[PDB]
$ cat coords07.txt   # compact mmCIF, N, CA and C atoms
# COMPACT_ATOMS: atom_id res chain seq x y z
N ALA A 1 55.71 34.74 1.69
CA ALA A 1 54.40 35.18 2.20
C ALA A 1 54.41 36.68 2.45
N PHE A 2 53.37 37.37 1.99
CA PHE A 2 53.36 38.82 2.01
C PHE A 2 53.13 39.41 3.40
N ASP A 3 52.52 38.63 4.30
CA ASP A 3 52.25 39.09 5.67
C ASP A 3 53.54 39.46 6.40
N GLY A 4 54.02 40.66 6.13
CA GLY A 4 55.31 41.10 6.57
C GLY A 4 55.45 42.59 6.38
N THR A 5 56.50 43.17 6.92
CA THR A 5 56.72 44.60 6.77
C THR A 5 57.75 44.86 5.67
N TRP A 6 57.37 45.70 4.71
CA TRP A 6 58.25 46.04 3.60
C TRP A 6 58.33 47.55 3.51
N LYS A 7 59.39 48.14 4.02
CA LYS A 7 59.50 49.58 4.03
C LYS A 7 60.91 50.04 4.39
N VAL A 8 61.14 51.33 4.19
CA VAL A 8 62.40 51.97 4.49
C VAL A 8 62.29 52.71 5.82
N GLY A 9 63.37 52.70 6.60
CA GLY A 9 63.36 53.27 7.95
C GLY A 9 62.77 54.67 8.00
N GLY A 10 61.91 54.89 8.98
CA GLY A 10 61.20 56.15 9.09
C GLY A 10 59.75 55.99 8.69
N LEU A 11 59.53 55.14 7.71
CA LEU A 11 58.20 54.78 7.26
C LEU A 11 57.92 53.34 7.66
N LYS A 12 56.68 52.91 7.54
CA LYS A 12 56.32 51.53 7.81
C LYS A 12 55.27 51.06 6.82
N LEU A 13 55.32 49.78 6.50
CA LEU A 13 54.41 49.19 5.53
C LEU A 13 54.26 47.72 5.88
N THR A 14 53.04 47.22 5.82
CA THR A 14 52.75 45.88 6.26
C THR A 14 51.62 45.28 5.45
N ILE A 15 51.87 44.12 4.90
CA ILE A 15 50.86 43.40 4.13
C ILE A 15 50.41 42.20 4.94
N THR A 16 49.16 41.81 4.79
CA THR A 16 48.61 40.68 5.52
C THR A 16 47.42 40.12 4.75
N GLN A 17 47.22 38.80 4.82
CA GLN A 17 46.17 38.17 4.05
C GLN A 17 45.49 37.05 4.82
N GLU A 18 44.17 37.14 4.92
CA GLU A 18 43.36 36.08 5.50
C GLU A 18 42.86 35.17 4.39
N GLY A 19 43.66 34.17 4.06
CA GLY A 19 43.38 33.39 2.88
C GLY A 19 43.74 34.16 1.63
N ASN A 20 42.73 34.61 0.91
CA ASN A 20 42.95 35.57 -0.15
C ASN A 20 42.16 36.84 0.15
N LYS A 21 42.86 37.78 0.76
CA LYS A 21 42.36 39.11 1.10
C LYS A 21 43.57 39.93 1.49
N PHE A 22 44.02 40.80 0.62
CA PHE A 22 45.28 41.49 0.88
C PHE A 22 45.05 42.91 1.34
N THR A 23 45.57 43.22 2.52
CA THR A 23 45.50 44.56 3.04
C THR A 23 46.91 45.14 3.13
N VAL A 24 47.04 46.40 2.76
CA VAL A 24 48.33 47.06 2.76
C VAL A 24 48.33 48.22 3.74
N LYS A 25 49.32 48.23 4.61
CA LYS A 25 49.45 49.27 5.63
C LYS A 25 50.51 50.26 5.20
N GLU A 26 50.08 51.45 4.80
CA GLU A 26 51.00 52.43 4.26
C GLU A 26 51.17 53.62 5.20
N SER A 27 52.39 53.82 5.66
CA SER A 27 52.75 55.03 6.38
C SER A 27 53.92 55.69 5.68
N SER A 28 53.69 56.88 5.16
CA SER A 28 54.71 57.61 4.43
C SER A 28 54.45 59.10 4.52
N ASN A 29 55.53 59.87 4.64
CA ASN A 29 55.48 61.33 4.76
C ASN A 29 54.85 61.76 6.09
N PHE A 30 53.54 61.59 6.23
CA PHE A 30 52.85 61.96 7.46
C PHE A 30 51.40 61.48 7.43
N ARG A 31 51.20 60.22 7.05
CA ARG A 31 49.87 59.62 7.10
C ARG A 31 49.95 58.11 6.96
N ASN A 32 49.24 57.41 7.83
CA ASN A 32 49.16 55.96 7.78
C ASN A 32 47.76 55.54 7.33
N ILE A 33 47.70 54.74 6.29
CA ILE A 33 46.43 54.35 5.70
C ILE A 33 46.49 52.93 5.16
N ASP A 34 45.45 52.15 5.43
CA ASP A 34 45.41 50.76 4.99
C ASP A 34 44.46 50.62 3.81
N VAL A 35 44.85 49.79 2.86
CA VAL A 35 44.00 49.51 1.70
C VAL A 35 43.85 48.01 1.54
N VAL A 36 42.62 47.52 1.64
CA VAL A 36 42.36 46.10 1.51
C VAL A 36 41.73 45.79 0.15
N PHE A 37 42.16 44.70 -0.46
CA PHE A 37 41.70 44.33 -1.79
C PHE A 37 41.73 42.82 -1.98
N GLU A 38 40.78 42.33 -2.74
CA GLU A 38 40.67 40.91 -3.04
C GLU A 38 41.17 40.67 -4.45
N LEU A 39 41.82 39.54 -4.67
CA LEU A 39 42.46 39.27 -5.94
C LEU A 39 41.45 39.20 -7.08
N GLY A 40 41.52 40.18 -7.98
CA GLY A 40 40.63 40.23 -9.12
C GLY A 40 39.24 40.71 -8.76
N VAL A 41 39.16 41.66 -7.85
CA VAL A 41 37.87 42.20 -7.43
C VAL A 41 37.86 43.72 -7.57
N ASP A 42 36.69 44.26 -7.91
CA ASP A 42 36.53 45.70 -8.11
C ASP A 42 35.86 46.32 -6.90
N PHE A 43 36.34 47.49 -6.50
CA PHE A 43 35.89 48.12 -5.28
C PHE A 43 36.16 49.62 -5.30
N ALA A 44 35.31 50.36 -4.61
CA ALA A 44 35.43 51.80 -4.51
C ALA A 44 35.75 52.19 -3.08
N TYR A 45 36.60 53.19 -2.91
CA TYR A 45 37.04 53.58 -1.58
C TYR A 45 37.55 55.01 -1.58
N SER A 46 37.39 55.68 -0.46
CA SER A 46 37.94 57.01 -0.27
C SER A 46 39.16 56.93 0.63
N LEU A 47 40.28 57.46 0.16
CA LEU A 47 41.49 57.51 0.96
C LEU A 47 41.73 58.91 1.49
N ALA A 48 41.85 59.02 2.81
CA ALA A 48 42.11 60.30 3.48
C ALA A 48 41.05 61.34 3.11
N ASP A 49 39.82 60.87 2.92
CA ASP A 49 38.68 61.74 2.60
C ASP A 49 39.00 62.67 1.43
N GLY A 50 39.52 62.10 0.35
CA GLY A 50 39.90 62.92 -0.78
C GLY A 50 39.96 62.14 -2.07
N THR A 51 40.73 61.07 -2.10
CA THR A 51 40.81 60.26 -3.30
C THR A 51 39.76 59.16 -3.23
N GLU A 52 38.79 59.21 -4.13
CA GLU A 52 37.77 58.18 -4.16
C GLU A 52 37.96 57.36 -5.41
N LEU A 53 38.65 56.25 -5.27
CA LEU A 53 39.02 55.44 -6.41
C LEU A 53 38.14 54.19 -6.51
N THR A 54 37.49 54.03 -7.66
CA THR A 54 36.74 52.82 -7.95
C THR A 54 37.51 51.99 -8.97
N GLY A 55 37.93 50.79 -8.59
CA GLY A 55 38.71 50.00 -9.51
C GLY A 55 38.87 48.56 -9.09
N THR A 56 39.32 47.74 -10.03
CA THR A 56 39.60 46.34 -9.77
C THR A 56 41.11 46.11 -9.66
N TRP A 57 41.51 45.29 -8.70
CA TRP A 57 42.92 45.00 -8.47
C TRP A 57 43.17 43.51 -8.68
N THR A 58 44.12 43.17 -9.54
CA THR A 58 44.46 41.78 -9.77
C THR A 58 45.87 41.50 -9.29
N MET A 59 46.03 40.39 -8.60
CA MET A 59 47.35 39.99 -8.16
C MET A 59 47.74 38.67 -8.78
N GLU A 60 48.87 38.73 -9.43
CA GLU A 60 49.58 37.54 -9.83
C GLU A 60 50.70 37.37 -8.81
N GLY A 61 51.13 36.13 -8.63
CA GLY A 61 52.08 35.77 -7.57
C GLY A 61 53.14 36.82 -7.31
N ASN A 62 53.61 37.48 -8.35
CA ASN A 62 54.57 38.56 -8.20
C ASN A 62 54.23 39.72 -9.12
N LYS A 63 52.93 39.97 -9.29
CA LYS A 63 52.46 41.07 -10.13
C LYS A 63 51.21 41.71 -9.54
N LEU A 64 51.29 43.01 -9.32
CA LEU A 64 50.16 43.78 -8.83
C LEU A 64 49.71 44.75 -9.92
N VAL A 65 48.52 44.54 -10.45
CA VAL A 65 48.02 45.34 -11.55
C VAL A 65 46.54 45.65 -11.35
N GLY A 66 46.14 46.88 -11.63
CA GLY A 66 44.74 47.23 -11.53
C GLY A 66 44.41 48.46 -12.33
N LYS A 67 43.32 49.11 -11.97
CA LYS A 67 42.87 50.34 -12.62
C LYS A 67 41.83 51.00 -11.74
N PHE A 68 42.06 52.24 -11.36
CA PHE A 68 41.16 52.92 -10.44
C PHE A 68 40.80 54.31 -10.95
N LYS A 69 39.57 54.70 -10.70
CA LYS A 69 39.06 55.98 -11.16
C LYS A 69 38.84 56.92 -9.99
N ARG A 70 39.47 58.09 -10.04
CA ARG A 70 39.27 59.11 -9.02
C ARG A 70 38.68 60.36 -9.66
N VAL A 71 37.38 60.53 -9.52
CA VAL A 71 36.68 61.64 -10.15
C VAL A 71 37.18 63.00 -9.65
N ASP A 72 37.57 63.06 -8.38
CA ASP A 72 37.99 64.33 -7.78
C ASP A 72 39.42 64.71 -8.17
N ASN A 73 39.78 64.49 -9.43
CA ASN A 73 41.09 64.91 -9.91
C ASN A 73 41.20 64.75 -11.42
N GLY A 74 41.09 63.52 -11.90
CA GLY A 74 41.19 63.28 -13.33
C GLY A 74 40.74 61.90 -13.72
N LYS A 75 39.74 61.42 -12.98
CA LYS A 75 39.04 60.15 -13.24
C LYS A 75 39.94 58.96 -13.60
N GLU A 76 41.23 59.01 -13.26
CA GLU A 76 42.12 57.87 -13.51
C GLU A 76 43.42 57.99 -12.72
N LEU A 77 43.51 57.20 -11.67
CA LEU A 77 44.75 57.02 -10.93
C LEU A 77 44.95 55.53 -10.66
N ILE A 78 46.04 54.99 -11.17
CA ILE A 78 46.26 53.55 -11.14
C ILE A 78 47.57 53.20 -10.44
N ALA A 79 47.54 52.15 -9.64
CA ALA A 79 48.76 51.64 -9.03
C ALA A 79 49.11 50.28 -9.64
N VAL A 80 50.34 50.17 -10.14
CA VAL A 80 50.80 48.94 -10.78
C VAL A 80 52.25 48.67 -10.39
N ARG A 81 52.54 47.43 -9.98
CA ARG A 81 53.89 47.07 -9.59
C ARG A 81 54.09 45.56 -9.49
N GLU A 82 55.27 45.12 -9.85
CA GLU A 82 55.68 43.73 -9.67
C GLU A 82 56.65 43.64 -8.49
N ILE A 83 56.84 42.44 -7.96
CA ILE A 83 57.72 42.25 -6.82
C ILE A 83 59.05 41.67 -7.29
N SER A 84 60.14 42.37 -7.02
CA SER A 84 61.45 41.91 -7.43
C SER A 84 62.32 41.56 -6.22
N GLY A 85 62.76 40.31 -6.14
CA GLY A 85 63.52 39.86 -4.98
C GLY A 85 62.74 40.05 -3.70
N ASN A 86 63.37 40.66 -2.71
CA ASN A 86 62.61 41.12 -1.56
C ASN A 86 62.63 42.64 -1.53
N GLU A 87 61.58 43.22 -2.09
CA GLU A 87 61.37 44.65 -2.09
C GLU A 87 59.97 44.93 -2.61
N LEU A 88 59.50 46.13 -2.41
CA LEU A 88 58.27 46.55 -3.03
C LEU A 88 58.40 47.97 -3.52
N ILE A 89 58.09 48.17 -4.77
CA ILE A 89 58.01 49.49 -5.35
C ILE A 89 56.54 49.83 -5.51
N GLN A 90 56.20 51.08 -5.67
CA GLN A 90 54.81 51.46 -5.78
C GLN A 90 54.64 52.58 -6.79
N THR A 91 53.95 52.30 -7.88
CA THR A 91 53.77 53.27 -8.95
C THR A 91 52.35 53.79 -8.99
N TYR A 92 52.20 55.09 -8.92
CA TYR A 92 50.92 55.72 -9.13
C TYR A 92 50.90 56.36 -10.51
N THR A 93 50.12 55.80 -11.41
CA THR A 93 50.01 56.30 -12.77
C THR A 93 48.71 57.08 -12.93
N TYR A 94 48.84 58.37 -13.19
CA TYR A 94 47.68 59.22 -13.37
C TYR A 94 47.72 59.86 -14.75
N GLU A 95 46.64 59.66 -15.51
CA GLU A 95 46.50 60.18 -16.88
C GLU A 95 47.50 59.50 -17.83
N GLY A 96 48.78 59.80 -17.66
CA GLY A 96 49.80 59.17 -18.47
C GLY A 96 51.19 59.48 -17.95
N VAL A 97 51.30 59.61 -16.63
CA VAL A 97 52.57 59.86 -15.98
C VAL A 97 52.76 58.88 -14.84
N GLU A 98 53.91 58.24 -14.79
CA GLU A 98 54.18 57.26 -13.76
C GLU A 98 55.12 57.84 -12.71
N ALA A 99 54.67 57.82 -11.47
CA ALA A 99 55.51 58.21 -10.35
C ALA A 99 55.58 57.05 -9.36
N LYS A 100 56.78 56.72 -8.92
CA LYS A 100 56.96 55.55 -8.08
C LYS A 100 57.97 55.79 -6.97
N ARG A 101 57.64 55.32 -5.78
CA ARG A 101 58.55 55.38 -4.66
C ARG A 101 59.14 54.00 -4.41
N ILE A 102 60.38 53.96 -3.96
CA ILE A 102 61.10 52.70 -3.81
C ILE A 102 61.16 52.27 -2.35
N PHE A 103 60.79 51.02 -2.10
CA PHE A 103 60.83 50.44 -0.77
C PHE A 103 61.44 49.04 -0.86
N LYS A 104 61.82 48.48 0.28
CA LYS A 104 62.39 47.14 0.31
C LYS A 104 61.88 46.39 1.54
N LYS A 105 61.95 45.07 1.50
CA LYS A 105 61.54 44.25 2.64
C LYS A 105 62.33 44.66 3.88
N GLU A 106 61.63 44.81 5.00
CA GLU A 106 62.29 45.18 6.25
C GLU A 106 63.04 43.98 6.80

$ encode --input "coords07.txt" --output "structure tokens"
Amino acid sequence: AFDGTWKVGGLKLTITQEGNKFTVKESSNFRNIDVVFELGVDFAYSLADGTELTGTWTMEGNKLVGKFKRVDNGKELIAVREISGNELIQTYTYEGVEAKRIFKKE
């Protein structure tokens, strides 16, 4: 069950779901921000009053895949990741470059 903390010491991360409604609590570097998404639903949101991404997020039991558009940069920033063992990685793919930070279940 995802309702748990998955992060590396110093940072914190927490997922929680009311039935099917997944919210992610991200604290890294120097900002804590939550992102809520429904399985296979499209939604637009502004993160930290800067990234305004409109996209649909699909979750497979151990697969997180979507596509989001951020006009205030390059109209395409996507997060895609699968869950391996007990850990969570997070990839931000913009234009055609993948950058990912590594985390694990707390």

$ residues_near_point --input "coords07.txt" --point "(52.6, 42.3, 1.3)" --cutoff "8 Å" --atoms "all atoms listed in the file" --output "JSON, numbers by chain"
{"A": [1, 2, 3, 4, 5, 6, 13, 14, 15, 16, 17, 22, 23, 24, 25]}

$ atom_distance --input "coords07.txt" --atom1 "CA of residue 9 in chain A" --atom2 "atom C of residue 101 in chain A"
13.1 Å

$ atom_distance --input "coords07.txt" --atom1 "CA of residue 11 in chain A" --atom2 "CA of residue 27 in chain A"
5.5 Å

$ atom_distance --input "coords07.txt" --atom1 "CA of residue 57 in chain A" --atom2 "atom C of residue 7 in chain A"
22.7 Å

$ closest_residue --input "coords07.txt" --among "A:12, A:78, A:34, A:28" --to "residue 91 in chain A" --atoms "all atoms listed in the file"
A:78

$ axis_aligned_box --input "coords07.txt" --around "range 90-103 of chain A" --padding-each-side "4 Å" --output "JSON"
{"center_x": 54.0, "center_y": 54.6, "center_z": -9.6, "size_x": 22.9, "size_y": 19.1, "size_z": 25.7}

$ closest_residue --input "coords07.txt" --among "A:90, A:83, A:31, A:42" --to "residue 61 in chain A" --atoms "only N, CA and C atoms"
A:83

$ decode --input "coords07.txt" --residues "range 12-33 of chain A" --atoms "N, CA, C and O atoms" --output "short mmCIF file (atom, residue, chain, number, x, y, z; two decimals), in the first residue's frame"
data_model
loop_
_atom_site.label_atom_id
_atom_site.label_comp_id
_atom_site.auth_asym_id
_atom_site.auth_seq_id
_atom_site.Cartn_x
_atom_site.Cartn_y
_atom_site.Cartn_z
N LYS A 12 11.64 14.31 2.85
CA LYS A 12 10.49 13.51 3.22
C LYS A 12 9.53 13.40 2.04
O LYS A 12 9.51 14.27 1.17
N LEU A 13 8.85 12.27 1.96
CA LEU A 13 7.93 12.00 0.87
C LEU A 13 6.87 11.04 1.38
O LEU A 13 7.17 10.19 2.22
N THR A 14 5.63 11.28 1.03
CA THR A 14 4.52 10.53 1.58
C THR A 14 3.40 10.42 0.56
O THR A 14 2.93 11.42 0.02
N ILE A 15 2.98 9.20 0.31
CA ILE A 15 1.88 8.94 -0.60
C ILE A 15 0.68 8.50 0.20
O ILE A 15 0.84 7.93 1.28
N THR A 16 -0.51 8.83 -0.26
CA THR A 16 -1.74 8.47 0.44
C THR A 16 -2.88 8.42 -0.57
O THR A 16 -2.83 9.10 -1.60
N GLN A 17 -3.85 7.53 -0.35
CA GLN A 17 -4.93 7.35 -1.30
C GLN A 17 -6.26 7.09 -0.60
O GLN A 17 -6.41 6.11 0.14
N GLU A 18 -7.25 7.90 -0.93
CA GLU A 18 -8.61 7.69 -0.46
C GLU A 18 -9.38 6.91 -1.51
O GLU A 18 -9.87 7.47 -2.49
N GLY A 19 -9.30 5.59 -1.42
CA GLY A 19 -9.81 4.75 -2.48
C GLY A 19 -8.87 4.78 -3.66
O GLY A 19 -7.70 4.40 -3.53
N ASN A 20 -9.28 5.45 -4.72
CA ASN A 20 -8.36 5.75 -5.81
C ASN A 20 -8.27 7.25 -5.97
O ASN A 20 -9.02 7.86 -6.73
N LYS A 21 -7.25 7.80 -5.34
CA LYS A 21 -6.90 9.22 -5.39
C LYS A 21 -5.51 9.33 -4.78
O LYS A 21 -5.36 9.11 -3.58
N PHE A 22 -4.49 9.50 -5.59
CA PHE A 22 -3.14 9.44 -5.07
C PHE A 22 -2.53 10.82 -4.94
O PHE A 22 -2.39 11.54 -5.92
N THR A 23 -2.13 11.15 -3.73
CA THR A 23 -1.45 12.40 -3.48
C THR A 23 -0.01 12.12 -3.05
O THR A 23 0.26 11.14 -2.36
N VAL A 24 0.91 12.92 -3.56
CA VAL A 24 2.32 12.74 -3.27
C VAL A 24 2.86 13.95 -2.53
O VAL A 24 2.68 15.09 -2.97
N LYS A 25 3.51 13.70 -1.41
CA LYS A 25 4.07 14.76 -0.59
C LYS A 25 5.57 14.83 -0.83
O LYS A 25 6.30 13.91 -0.47
N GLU A 26 6.01 15.86 -1.52
CA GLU A 26 7.41 15.97 -1.90
C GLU A 26 8.11 17.11 -1.16
O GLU A 26 7.86 18.28 -1.43
N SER A 27 9.12 16.74 -0.38
CA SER A 27 10.01 17.72 0.21
C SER A 27 11.44 17.39 -0.19
O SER A 27 11.95 16.32 0.15
N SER A 28 12.05 18.28 -0.95
CA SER A 28 13.40 18.07 -1.43
C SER A 28 14.08 19.41 -1.66
O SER A 28 13.44 20.37 -2.08
N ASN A 29 15.38 19.46 -1.35
CA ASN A 29 16.19 20.67 -1.48
C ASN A 29 15.76 21.76 -0.50
O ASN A 29 16.44 22.01 0.50
N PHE A 30 14.60 22.38 -0.75
CA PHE A 30 14.09 23.42 0.13
C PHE A 30 12.67 23.82 -0.27
O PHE A 30 12.33 25.00 -0.30
N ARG A 31 11.82 22.83 -0.48
CA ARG A 31 10.41 23.09 -0.75
C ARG A 31 9.58 21.82 -0.61
O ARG A 31 9.93 20.77 -1.18
N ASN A 32 8.47 21.93 0.10
CA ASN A 32 7.54 20.82 0.25
C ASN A 32 6.27 21.11 -0.53
O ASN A 32 5.67 22.18 -0.39
N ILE A 33 5.90 20.19 -1.40
CA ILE A 33 4.76 20.39 -2.28
C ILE A 33 4.04 19.07 -2.53
O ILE A 33 4.67 18.03 -2.72
#
